[PDB]
Every structure is written in C-alpha cells, then in structure tokens.
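Survey of secondary and tertiary structure
What follows is the residue order along each chain.
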Amino acid sequence: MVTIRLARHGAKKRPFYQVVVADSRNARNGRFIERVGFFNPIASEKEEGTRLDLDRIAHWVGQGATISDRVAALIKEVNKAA
Amino acid sequence: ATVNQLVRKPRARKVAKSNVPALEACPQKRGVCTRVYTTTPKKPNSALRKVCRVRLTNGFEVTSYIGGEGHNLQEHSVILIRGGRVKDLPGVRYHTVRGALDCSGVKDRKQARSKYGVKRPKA
Amino acid sequence: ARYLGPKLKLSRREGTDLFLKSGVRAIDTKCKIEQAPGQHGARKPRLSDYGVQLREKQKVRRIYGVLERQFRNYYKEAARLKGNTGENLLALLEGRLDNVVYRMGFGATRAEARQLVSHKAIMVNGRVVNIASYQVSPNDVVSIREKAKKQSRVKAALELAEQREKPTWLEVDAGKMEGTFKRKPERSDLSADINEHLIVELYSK
Amino acid sequence: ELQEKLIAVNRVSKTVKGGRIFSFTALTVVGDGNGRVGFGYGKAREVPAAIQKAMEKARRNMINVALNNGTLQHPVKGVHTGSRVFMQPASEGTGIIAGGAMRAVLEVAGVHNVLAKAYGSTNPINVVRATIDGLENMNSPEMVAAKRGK
Amino acid sequence: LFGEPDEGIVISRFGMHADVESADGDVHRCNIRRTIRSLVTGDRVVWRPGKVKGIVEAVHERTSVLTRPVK
Amino acid sequence: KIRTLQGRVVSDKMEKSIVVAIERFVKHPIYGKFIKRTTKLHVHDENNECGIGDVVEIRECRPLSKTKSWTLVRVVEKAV
Amino acid sequence: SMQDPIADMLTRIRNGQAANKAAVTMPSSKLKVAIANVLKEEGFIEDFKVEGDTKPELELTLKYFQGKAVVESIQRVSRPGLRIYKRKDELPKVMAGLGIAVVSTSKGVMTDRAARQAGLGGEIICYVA
RNA sequence: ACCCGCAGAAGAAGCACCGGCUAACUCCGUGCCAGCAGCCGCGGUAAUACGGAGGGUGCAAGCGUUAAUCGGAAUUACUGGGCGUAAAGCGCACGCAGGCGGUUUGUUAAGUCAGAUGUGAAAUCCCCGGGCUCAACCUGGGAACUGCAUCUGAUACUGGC
RNA sequence: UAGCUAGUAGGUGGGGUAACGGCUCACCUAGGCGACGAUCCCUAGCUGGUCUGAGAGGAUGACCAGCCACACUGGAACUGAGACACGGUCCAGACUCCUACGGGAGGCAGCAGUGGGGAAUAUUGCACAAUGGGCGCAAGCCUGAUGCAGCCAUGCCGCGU
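My aim in this report is to walk through the structure given alongside it, one point at a time.

What follows is about the overall build of chain F. Secondary structure summary: chain F contains zero helices and seven strands in total. Listed N to C, the secondary structure of chain F is β-β-β-β-β-β-β in terms of helices and strands. C-alpha extents for chain F along the principal axes are approximately 45 × 30 × 20 Å. Within chain F, counting contacts between residues at least 6 apart in sequence, those at least 24 apart form 51% of the total. Accessible surface for chain F amounts to roughly 5000 Å². Of this, 60% is attributable to carbon and sulfur atoms.

A few words on the sheet that holds strand 1 (residues 4-9) of chain D. The strands making up a sheet are joined through hydrogen bonds of the backbone, oriented either antiparallel or parallel. Residue and element names in this part refer to chain D. One open sheet holds the three strands; their spatial order is 1-2-3, and the pairing between them is antiparallel. Both outer strands of the open sheet, strand 1 and strand 3 (36-41), are each paired with one neighbouring strand and no more. With strand direction ignored, the average angle separating the axes of adjacent strands in the sheet is 15°. Relative to strand 2 (residues 26-33), strand 1 is paired through four bridges, and the arrangement is antiparallel. Pairing of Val9 across the sheet is with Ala26, part of strand 2.

For the rest of this paragraph, the subject is the sheet that holds strand 1 (residues 4-6) of chain F. Residues and elements named next belong to chain F. On the basis of which strands lie adjacent, the open sheet formed by three strands has the order 1-6-7 and antiparallel pairing. With one partner strand each, in any of the chains shown, strand 1 and strand 7 (68-78) form the two edges of the open sheet. For this sheet, the mean inter-axis angle between neighbouring strands, taken without regard to orientation, is 20°. With six bridges connecting them, strand 6 (residues 54-65) and strand 7 associate as antiparallel partners.

Of all six pairs of chains in contact, the one with the most contacts involves chains D and G. The two units chain A and chain F never meet; even their closest C-alpha atoms stay 24 Å apart. One finds no contact between chain A and chain G; the C-alpha atoms of the two approach each other to within 33 Å at their closest.

Let's shift gears to the interface of chain G and chain D. Contacts between the two partners involve 17 residues from chain G and, on the opposite side, 10 residues from chain D. Both sides of the chain G and chain D interface together cover about 970 Å² of buried area, and 57% of this is carbon and sulfur. Inspection of the chain G/chain D interface yields zero salt bridges. When the residues that make up the side of chain G that touches chain D are grouped by side-chain class, the tally is eight nonpolar, three polar and six charged.

Calculation notes
- Residues numbered from 1 in each chain as written, not as in the entry; some residues may be left out.
- Chains lettered and ligands numbered in written order.
- Part of a larger assembly, values for the part shown.
- Heavy atoms only, no water.
- Helix = DSSP H or I, 4+ residues; strand = E, 2+ residues; numbered from the N terminus.
- Contact = heavy atoms within 4.5 Å.
- Areas by Shrake-Rupley, 256 points an atom, 1.4 Å probe, with all protein chains shown as cover.
- Pairing = 2+ DSSP bridges.
- Axes fitted to C-alpha atoms, helices over the stretch in contact; angles between N-to-C directions.
- Buried area = accessible area lost by both parts, 1.4 Å probe.
- Salt bridge = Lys/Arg side-chain N within 4 Å of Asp/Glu carboxyl O.
- Nonpolar A, V, L, I, M, F, W, Y, C, P; charged D, E, K, R; others polar.

Pasting the structure below:
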C-alpha cells in the first residue's frame, strides 16, 4: 500500500510542494514513509529549489509503491523522464 | 559526602525561589464580590484600604483589593478580579480590579488606564 | 513605524545627532536647546547606569531612528557571531534601507527618508520596497522612485548625504536619483555613542 | 591603562563619643595596565578623600591583569571568604560583556578579552576582592610546555 | 473610612474594633480610626458605619474616677 | 546486533525456569558512579539446563516459555 | 589515604609542594611511577626515581616551576566511585590544558597529552596543571 | 502573491512606567487622610511617591495587566553549594545489605584504553546556506545519528581472571 | 506503595494464535516473585522533540512531526488481515427520545453551528483550484479530508501612524 504522493508544502499559493513517500491513506498528509524531492513552484535561490530524485522512487515502485502527476511534473520535468 | 551515599538518595536542581503557596490559574476567573469589605493597611501608612471577598470559578474564594482611591459595590458587584495581594499585605491571592472593566472604575484616579484610573475602552 | 515624534525639542533632550529635523532650521535656535522642555518631571534625575547606558544605546537606536522591534533584530544577528557581537550589529543596522535612504540623500530624517520609501517613493535594488525597513544591497542603486525626484527633500538631501555618516561603503548619491550602495556600512566610519564594551556590556541579563 | 576607577568610598559608621558617625573609606582601583591594576583602601572622610586614599593605596601596588590576549593566560576562579568567582581567557573579539567585576579593574587594566561571572554573593567587599583574587593567579608561564617543562 | 456620624456609647471593646451601641441602641462593631485615641467602652462616640463594620471617629470619655498604669 | 549473550544462570530449584543474567552496568551519571543495569531472562532452562553459576549463554529467542526467550545456549564457565 | 592512593599521592604532593618538599617519595604502584614519570618528563617533577611496588619507594623530585613551586595545582579525581574515561578519547580534559594529567591507554599510563590529545583516549587517571 | 497611480495623512499612540532602585518628578488638593505602593517603600511630607494637575521616562500599532513557566538561585551545587559553632554525626556501637580494602606480575579486553559499523526518522532542527517585500513567512545543504546497538583490537588503567 | 505469584511459574502435556510463549488449560512439578526498591497508589497519554536555562541542568511537550491511549453508560462479536471502527455490528443501559406510548426509539473527544462551560479563544464558511486520500470498473464520484477563505493581539515581522 506504499505511496509516493506530493505533500503540498511551502506556505500556500506558493506551494513548495515536496514529493514524498507515505501511506496512501492519509487524505492529504499524515503518515510519513520517507521524503523524496520537491517541486517548488515559486521564486527561490537554492537550497530551496525543486527536487526530483527519480532513482529511489523506482526502487519502491518496483515492489509496489505509487507516484503523483506533480511527480509526473518532476518526472517529465525536463521530460527528465518523458 | 560519599557518592555512594548521594547516589542513593540524589539532591535536586530546579530552582528554590520559595516562600508560601499560591493558587489556581485560569487567566481570569468568573467571580464577583462576596461582599466588598474594608481593611486597614499598616499603621504609619496610616490609612484604610478598600477590599472585597470574592467568590470565583477558577478556584478559591479570594479576598481582593479594589484600588487606587475607592472600590466596587457591596455584595457581588460585578467585579473583575485581575489578580493581587500587596507587598504591604500578607497572603491575599487574587484582587478585584477597577480601571479595568467589570468592577467600578478606579475613582479619583486618571493617572493610569491599563491599570487604574479608567478602564478606557480597550481600542 | 517611524515611531511618531516632534523634532527640535527632541534634539535638546538626547543632545546628539540622530539625523531628523531636516529642513531649514532644525536643532535649537529660535528656541534654544538645553534649557528644558519640561518644568516638573525631570526635576531630580534618578539616574543609574541603566540611565546612562539606556540613553547610550538610545542614541544609537535613534541615530538610525529604527524601532526597537527592529533594533533588537540587528543586535541578535551580530550576537550569534563568533565575533565580538557589537560591531557586526552596527553594519547590519546601518544596512537597512531607511538608513540608506538618508545616506544617499533622498531622505534625511528617518521619517522623511522612510516617508519616501514608505510611500512607495524611494526604491532600492532591494526586495520590493514600500518600506525602508527594507535592507539595501552592495550595489544597490538606491534610486528615486516617484513624488520626490530631486524634489525638495531629496535634492537637498543629496548634499548632506555626502557628509551623512560617511558612506565609504555606499556611494552616496541621490542627485543622479541613485545612490549606489556599493557595500555595507562598517565602522570605518562611525557615528556612535556606545562603545563595544558599553553597549555590548549594556546588553546583559 | 593609566586609568583608575574609584570603585567606592564607603559609608561606614563608627558609632563614636556622642552620636553615630559615618565615613568614607575608599576602595578604588587603579590600573595602569593589563599587568597593572592596583586598588587601594583608603580611609578618609570624603568621597575624594576616600577615593584618593584608595587611589593612592591603589597605586600602591599595580599588579597583573589578563596576560595573554588581553585575556587570561588561563581562566581563573576566586574566593575570598566564601566567594565564588570566575573569569576566562577569551577575546573581547569574541565579545566581552564587560561587567563591573570584569571591566572596572579590567578597564583600568585596559583589557577586556576575559569574560567572567561570580556565583553566590552580592558583596564586592569580598567578592570583588575575590574577583581580584580570582584574576591574579593566572601564572607566569615558561614554555609551550611551561608547567610541562619548567 | 468614614460613614454617617452618629452617636453611640461603646458597648464593648471589640478587641481589635470597638463595638458601639448607638444612640438608638444599635450595636455596631466598629472600627476605630487611627485618628481617634481617647476612646473607651462607655464613651459616647461618633461612630459611623461604613458606606457590621463601623468606624469610630469621635469619642467621649469623661473625667477620671479610675485607672490602671494612669489611664 | 548480538543477543546471544554469555550471561549466567544461577537460579536453581527454580524448577525448570531458571534465569540467565544478561547483566549490565548503568552509571548513575549526572550525580555519578557505576551501578548495574541488569537483565535476567529465564532463559532456556526448561528443566533447568540453565543452572547454578553456569555462566550460561543464552541466545535470544522466542519465548520458548515464560521466559525462555533467551534460549540458553552455552554455559561457558562457572563463576563464584 | 585509606581508600584512594592517587589521592594521597596527589595530596602528599599538595602537602609536599605546599611545604615545597621539592622531593616527595612514596611507593610506586605501576601507575604511580608511570604518572610520576610523566610529571618528571613534564617538569612538574623532573624525575622520580623508584624502589618497590609491593614494597616502597618512588621518589619524585618536584622542581620549582620558576622559583615558585612546580605544581601550583594537583588533586585526586578518580575515587572508586568515579571514573569518566570513555573510549575513543571520550575523555577530554580539565586544567591539563596547562599541565599533564597522564592518561592510561590501550596499555599503559602516558602523558596524557599524548593519549588525550591524540584521540587515543587514554584513561584520565589523575589530575595536574 | 505581485504591481502601480491620486490628494491629503487624511484613517493610525496609546499604553506602561516616572518616590528610588529603574527609564523618568514636579506643582497643587489629600495628606499620618483618602491613597500609593514590582522591590525597597513612598501616604503628615504644602507630594515625588497619595490624589489629581502638570511635567518627565519608556515604548509602536501597540503598550500595559492577569494567569502563567525554566532563568538568574550556587537557592538545593553536575558543573557548582553546606557538621567545632550559620539548616549538617546518629546517644553510641555493631553491623548485613550497600559500598568500599592493600599488594605483585600474569591475565579478560568486558569495562577501560583502540577501532569498526550500522543505527539518530522526517522536520532539517542547530550549524550553516538558501528562499520569499525587508523581516516575519519558504527550503536546503554541512549538523539531530548521539547513544542505541553491536563487534572487536590494546589491556596499563578498571573491574574480569 | 515492602512486599509478589496458581495460571502461578516452570516443567509437562494438551489448548490456542498465524505464530512465539502459561500463552493457556490439563496434569505435574513447585516452581514461581520483590527492598538495584518490587508489590501499592495516584498522576501523566507518551516520543521526535517542547521550554528554559550558559549550560549545569532545569524546564518543557507546544501553537507540529512521530507514536500511542482514547472517541453515547455497562456489556457484547463482526466483516475485515486489520476496526467489536469519532457520525461499521446486538441488548441492557446510560441516556434521552421515540412510541397509538407497550415496544421502542434516540445522541459533532470531526466541524461549524447549538447548548454552554470557563479567563476566554474560531464560519451552521468558501474551495477542490490545486493538494491527498478514498470510492467508484472506472468514467467519474467522493472527499468541512482538502485547498482557500470565515471567525479571535492570543501569538509573530514589518510599512504606516
């Protein structure tokens, strides 16, 4: 039942979403499995960016874990994966 | 002091600022004067000071000062207890403040309003 | 806030430069200075060092005209530091836009200086002002932004800017509606009251 | 330095032939160095008369202060009676909250790289005296193996 | 403290107070003001209520015919 | 990481239920000195093959019984 | 003492140097000598010279630091109620920022300076400036 | 979000202090009263303090109060506090527990002394960057991984032996 | 709170869970337990971490993350692995209502809102836009989860004033 979802993070309007693994169970956030990147949609220098760390994701999924479309953002972000 | 003794019964760091017990809590209380009483101060300060016992609802029936010059109505005036005792008064524990709402207003004072004088309208 | 306040009189009680009744008669005169502004309540100065030091820093706070809320903010930043807390604070303080609105010669009084920034009427190359609480950059062409452009305040200010609190560090300009804060304020050029073991000393529990 | 601070003249009471009289007697610190602070106990009958008698006295013996960085060579601790005192070598470049019992004498020493704090007592009489006793002790070294090779 | 002046005879010394039986006959445990001091039981007093507690602010102890040390 | 520990059983007539001391130190620390922090588990004894001063190794296990959850394993030594 | 030898050692020193017993002699225990050595090689004493360990003598010569007593600091801290020597140099130091305070390592007693400084821990067996 | 126009600041200082200490005190009513009054105390005192007036201090859209905490308090002492007498030798013993005993090498390696590695979650705390109207507000990066937890070397130390 | 044990423990065996194991009974053995502080009582939900304090430490536990405990009186099983499920299971009941009055019937430690309590602190809110989780084949739907916004200096940072 493992899930990789985007926890809408960063103070709203600017979410600085942060793609994370958690049990798809929480409607929205709740239980945390482990972090896995970010997608910051507003104005930032670094250490603060937008992360997609495509590799780890793939290990989880293999054995059955799921991913968002704002991870699809992340995935297809440079068409990084796409 | 052998460690071995000490260890057995350890010795307490925290603070140690103590004098006598004080009570309750709830930032305010819902209370009205039992009666509005009047007491002496001390002798060379040769005065008389106006007060009130006060049933609350966040513990303890307190006797309370009603200050500056003057005080509230007798009985249960609608009185506001906004805490107190005095340096010059042992062992009182919540006081009934005027120049501050419920009460009457601290009469013949206007030399303060957050405290004393008037309970001017909290802007 | 500006914090709100009345200017020549003030100059009499704190007794030092803090950069604030800018116009054409300022301090003393036509009504001196130091011959009261009270006539009852100052009648037995009940000083202590708290006093001396209070005033000491107070000057400095006022020298920049900053709210205490903010002043504090500066103090702390400096304090974290490995350094001798004090100095680094001054750079910081000085570093703000209001400070830098008078030192380029747009503002003069903090109030005025700010007044400009405040009313979206002095700019920086510094995180959208409308505020002189803003803090200016190395190269900040602290530049004029509308209804003040070499107007009265600014034009005259660009003068005394030059002589402000010698900004060797921020290139005091305001004539070109600019004022290129080249780099941060440092104790290369003072304008201080305290000493860094009077104020540093002063802060203490 | 060359500074002196007049720590205090002191109203004492004798309690004489007739009334109960009260004096000034002065402990003052003087210092003319980090390496020299001297403090003297004067007697007398006025704030100056006292201070002077202190200063004088103080100037009598102008002695060690915060060797090494304007800071101690080594942190030192002070008793005098029951007084618990403390001073460190540091920098004043690391700051120094320049106390009284730690920028009076330190000031007339001139140095301030030494950070201090006294526990217990409010009595300078013993405590800054103990602070002084606490400052002194920071020795004469004698190598990068000083004590470790005399 | 103050109240309304009224007469009374001091029925009792109330320790701390003095208790005054009024002109009417009404007994009021009264305070005794810092201001007055020539009070004794039997004095006819001006006592006042508060605005029981009373207060005494006038007395009437008539001439000597007995003391202890001398009062 | 390890929990087959060469503790020691000592308990006896403790019918088939003897205990192995998986013993330890704990320091009384803030206010000083070294005490034991101690663990006994009635180990594998199971007819008391955890014995008397039988410095018994035990291997951590299932409860094989109420406390036999340290199976014994060894006995290494005897001690006084 | 009756129940901490280093603390007598230390104290005997204290009382020794105090009375500027520029020589203080007492039995060696293997540590004692060893420590004494370090002191020896750390000016505190310049030497000790020893006889016996189940029998007595370990004579330390305290110098004068500089006319003033060598040590002008020394005292027990390792009672049977107390050790605070954890491995991996999880023993740092106190007033041995001036002197030694010889540690005992993997094997041995050393100038602490060496094991201590060196991260080798060394057990901080006794205490000097 | 952001962005910007207008006039005038229009619509923005009160609030707390001020008898010391403590930032600030007078002038007057009261005034040995009525009171103030954190703490000390101020209350005849013509107030400073009361009470007011006024004046002064100290603050910013705040500024005060309460309830209300660790802090300083080394004031319970770890750091870091105490039995001749200031709160500290049992009446006195014995004495089990407890704890603690010499000594010498040898030895465990356990503790210690040497190490390993994992394991502290995350926040990303701190540190230190960084992000946004400064700032508040967003993040990251070194730093929470310690110790656990477990291994082990040395073995003097320490205890094992 | 200085006392423990018969399901006691163990043994032993069945018994049981998925299963470990008295774990449990059956039997036995006598076991089987605490003054390194047990038993007893309360109290506390408890952590990352909160608080403060130089720290020591102390405090703290937020206004989170992490975890639980707990979600109409008592009882009582389920589906489901999991839930004896804050608005999924039976009665009494409590409790209150239903009720042709028997029988029965009936309930925001989710929310606002309500009662109102207390010092007092939140819209019968908006919103799926995105965000998630669900459902739904799925499409979709759902989603007071949620987003955005409502309501309170209470708590922060500023311009202003």
